[PDB]
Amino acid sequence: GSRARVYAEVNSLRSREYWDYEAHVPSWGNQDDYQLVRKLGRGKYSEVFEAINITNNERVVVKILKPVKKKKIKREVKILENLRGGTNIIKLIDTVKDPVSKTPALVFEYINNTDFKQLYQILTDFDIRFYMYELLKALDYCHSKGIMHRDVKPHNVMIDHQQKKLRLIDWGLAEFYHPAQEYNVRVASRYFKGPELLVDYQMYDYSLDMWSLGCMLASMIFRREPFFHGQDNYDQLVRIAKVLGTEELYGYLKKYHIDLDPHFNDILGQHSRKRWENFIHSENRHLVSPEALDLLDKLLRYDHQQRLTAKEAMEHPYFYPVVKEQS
């Protein structure tokens, strides 16, 4: 018995065709217009190339989708089409197929990304506020469109640190939120999984992404990346509990009637909730204000309902310097 505090009924209030992705029929253009230039990465579901559209010389990124149920392809395509024009969401330029093999691929705008491992050690206080605000715009947008990203992490946040451009990428795990629906907890990267996933609570919502966002904020202001570095999914919860506290975890479980896998009994131990100021030291002190800590405390909460929404986070005083600059 849990529902999102925002955008709970937004899919219910739209035409079924909006969210019934299995019924979506994409228009597949011709991949022969694109010349692959360089491999940028590979995952379990895709490989990604920098490319050039030979008809107009536009530099793009082509994500060639590996064999999966056509259902997952339709889901990602329909989600991207629903997100068209959204602020700081990667722009889908076209949906194309190899005209012979019919292998599908997604064509995105190019971003000249700086890998987060370099970047996150040289950000200023203002830079962190700026990039977190930009990422929040993308999450508020997709949540408002009834979509949970479910894989927020640095590797899915492309940042051009020269042009100050940020895009949220890889919508292949994203889903439509419907109240009371049970979702697969095998989403997100280990380090960015919310406690709800780690305790097998399936009735989660957009607030999962706000946990992941909080993990990114913590890594930036404190310079510990990833912030919660579990060795496996069990140890991931232990790492969280050593900060947020074990009695506090048990109160969350009790509230939502969550059953705890008994393997945790041997590993959680007993831990008091820690003050966020404990993470400050000389190397990160210039990034950590009272506002940053207040915001972080309101994101990295066990209780998914009590976490700030993306909009509430955007409204927090931590971002006032950014809003003032963007006005």
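Position 1 is the first residue in the sequence shown; the rest follow in order. Only the largest set of C-alpha atoms that superpose within 1.5 Å between the two forms is called the rigid core.
Enquirer: Between 252-260 and 100-108, which has the larger RMS C-alpha deviation from this form in 8 other deposited structures of this protein after core superposition?
Expert: Between the two stretches, 100-108 moves farther in 8 other deposited structures of this protein.
Enquirer: Superpose by the rigid core and compare 274-282 with 41-49; which one moves more, by C-alpha RMS, in 8 other deposited structures of this protein?
Expert: When 274-282 and 41-49 are compared in 8 other deposited structures of this protein, 41-49 lies farther out.
Enquirer: Taking only the CA atoms, which stretch has the higher mean B-factor in the record, 269-277 or 289-297?
Expert: Averaging CA B-factors over each stretch, the winner is 269-277.
Enquirer: Averaging CA B factors per stretch from the PDB record, which one is higher: 200-208 or 249-257?
Expert: Comparing 200-208 with 249-257, the higher mean C-alpha B-factor belongs to 249-257.
Enquirer: Which of these, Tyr34, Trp28, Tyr302, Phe49, has its C-alpha atom at the highest B-factor, as the entry lists it?
Expert: Result of the comparison over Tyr34, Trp28, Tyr302, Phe49: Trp28.
Enquirer: Among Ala180, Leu213, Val107, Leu168, where is the Cα temperature factor highest, going by the PDB entry?
Expert: If I rank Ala180, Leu213, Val107, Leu168 by C-alpha B-factor, first place goes to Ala180.
Enquirer: Split the chain's modelled residues into thirds by Cα B-factor; is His24 in the lowest, middle or highest one?
Expert: According to the entry, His24 has a C-alpha B-factor in the chain's highest third.
Enquirer: Ranked by Cα temperature factor within the chain, is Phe126 in the lowest third, the middle third or the highest third?
Expert: As the PDB entry reports it, the C-alpha B-factor of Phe126 lands in the middle third of its chain.
Enquirer: Should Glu225 be placed in the lowest, middle or highest third of its chain by the C-alpha B factor in the entry?
Expert: Bottom third by C-alpha B-factor.
Enquirer: If you rank the chain by CA B-factor, which third does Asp232 end up in: lowest, middle or highest?
Expert: For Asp232, whose C-alpha B-factor we compare with every modelled residue in the chain, the answer is the highest third.
Enquirer: Would you mind ranking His155 by its C-alpha B-factor against the rest of the chain and naming the third, lowest, middle or highest?
Expert: Lowest third - that is where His155 ends up once the chain's C-alpha B-factors are sorted.
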